[PDB]
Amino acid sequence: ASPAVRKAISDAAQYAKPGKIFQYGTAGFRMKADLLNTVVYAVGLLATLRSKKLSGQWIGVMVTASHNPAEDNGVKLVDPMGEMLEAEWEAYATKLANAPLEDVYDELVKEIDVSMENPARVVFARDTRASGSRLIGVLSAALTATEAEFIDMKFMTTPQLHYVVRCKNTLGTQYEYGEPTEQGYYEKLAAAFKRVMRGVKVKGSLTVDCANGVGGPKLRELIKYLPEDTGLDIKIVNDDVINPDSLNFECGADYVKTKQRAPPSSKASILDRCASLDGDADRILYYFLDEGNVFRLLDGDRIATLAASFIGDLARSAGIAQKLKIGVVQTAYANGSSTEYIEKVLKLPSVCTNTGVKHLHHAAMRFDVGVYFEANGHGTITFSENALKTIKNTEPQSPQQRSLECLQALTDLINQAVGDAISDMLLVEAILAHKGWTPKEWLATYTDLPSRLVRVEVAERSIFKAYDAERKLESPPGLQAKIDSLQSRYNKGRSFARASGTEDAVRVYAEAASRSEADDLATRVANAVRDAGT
C-alpha cells in the first residue's frame, strides 16, 4: 500500500476500544452510540478499500440506526449502483472493527486485490441522531488518513444517499440516474410525479407521520418542488427533529406496524387517509380509521398488491404485458390472501424468498418488472434494462400512448437503488388517484386471513435451520412434521417457524380462516417450538 499513509491511519485511530465484539450484518453495525467510534473509523477504512477495488467508484456511507431509539446509531456501506454492500464484504468490516488499534488495513490490500492507482471516493450523510456530528468527524478522520476524496452530504434520508451514490456512478452512462444532489432528488421525483399524474386528481388529505426523524423536513422540502393541480395535500405530523428524544417515540412506521394502532398523539379523523415513515424514511405504511372507528392497517404487503395491480393494468393497456415478465416477490410472512389475490385475481407470479431485503431485491431483479415489499413497509419496483427499452421504444397503436407515458414516468418516480418511503408514498397516491379508490376500496380488494406473530425465546436458536424460503425446518428433527400436522387441523391453516436474525428468539407466524383458529394454531406451534428448544 503506502508507508506514510499507514502511519497516518495508525496515528489518527484518537478513539476508544471500547471490550465488546462486533459483527456487521443485515443492518450493518448497529448498537448504542457510545460503542461506535472505532467501528465508524473502521468503516472509513473499509469504504476506502471498497472504492479502490471497484476502480475508484463512489461508495456511500449512511449514518443511521433507522427505527431504533435515539441512544442508538448505525453505519452502512452503499455500493456503486446504490445497493447495500455486497454480502462477501461484510466480514472485512467485521475484521477491521475488532482488530485492535495498530496497519491491518495493509493486510487487506494484499488479500483483496486492490489497485493503488485510483483514489478512493466516498459520499456520506446522516439522519437526525445526536451522535451523528461526532460520528461523521470520526469518518472524516479515517478518510483523511487514507487520502480519499469525500463529500459530506450532511442531513439526508437513507434513500437520498443511495440515490446520490447511484447518480455519481452512472453519470455519462446510458442509464444516467439524475443530478447527484439533494436538489437533484427532489427535482426528479417532482417531474416524474407531474407526468405520472397527468389528467388525474388525488382526493382528500394525506396525514403523514414522519417519526420525528429526517423524513419530515425532507418531505416538506420535496413538497416545495411538487406540481400544482395534482390534488395532493399532505399534512405533516411528528416532525420534532429538534429533540433527539422524539425520534421514533410512540410514532413511525415501526411502532404502527408492530403495535397495530395509530400513534397515541394522532389527531386524524374518521376516514382520514394516513401514513407513517420510519426514522430514516425507507419504510412506509398506510392506515385509516373505519366508518366505525376501527383502526385499519394497509402495510407493505398491501402496498405490494396495490402496486402490482396498477403496474399489471398499465402494462396491459400499454400493450406490453406479454413482452415483459412481471412479478411480485414476497416472504413467508405475507398474508396467504395477498398471495391468492396476486395469483388468482391479478394473474401474476408470486415468488417467495428468504427474509432480508437482499434476497427480495435479488429475486425481483429476475423479472422485467419486479414488485417487492416486506410487511414492515420497505420495498420498491425493479425495472430491468429490458423493461426500460420496451417502455421507451414501443410505438402506441392507440391513444396505450397514455399508458406508456404513465409507465415511463413511474420508472423515474420509483427509486431503483433502494426502497424509499417518499417515493412509495407518491406511488400509492398516484395509484389511488388513477384507480379512483378510497382507503376503504383499497382494503376491500381482498380480506386478510386472520394471523398471529409470536416471539418465542429459546436457548439456543441456532438449532432452527430452515429451507424453501424459510417455510420449512430441516432442524430440529420432527418439528416441521408437527408444524405440518398442526396446520392441517385448521381451515386455510398456515404456520412456519424460523430463527430471528435480529433478535434472540424463534418467530412463529400462523394464519387461518378465523381469529380463534389462527390464535390456537400459533400457540400450539409456539408450544412445540419451546419444547424443541429445550
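One rule holds for the numbers: they count along the sequence shown, beginning at 1.
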Item checked: Residues of the deposited sequence left unbuilt between residue 26 and residue 25 -> none
Next item on the list: Please count the deposited residues lying between residue 399 and residue 400 that the model leaves without coordinates, and give the class: none, 1 to 3, 4 to 9, or 10 or more.
Entry: 1 to 3
Check: Comparing 228-236 with 298-306, which has the greater mean CA B-factor as deposited?
Finding: 228-236
Check: Of the two stretches 71-79 and 158-166, which shows the higher Cα B-factor on average in the entry?
Finding: 71-79
Item checked: Top residue by Cα temperature factor, when 420, 374, 106, 254 are compared in the entry -> 106
Check: Reading the B-factor column of the entry, which of 29, 58, 467, 509 has the highest value at its C-alpha atom?
Finding: 29
Next item on the list: Check where residue 495 lands among this chain's C-alpha B-factors and tell me if it's the lowest, middle or highest third.
Entry: lowest
Notebook entry, point to check: residue 152: which third of its chain by C-alpha temperature factor?
Noted result: middle
Margin query: Where does the C-alpha B-factor of residue 63 rank in its chain, lowest, middle or highest third?
Written below: lowest
Note to self: Among the modelled residues of this chain, does the Cα B factor of residue 92 put it in the lowest, middle or highest third?
What the structure shows: highest
Notebook entry, point to check: Which third, lowest, middle or highest, does the CA B-factor of residue 177 fall in along this chain?
Noted result: middle
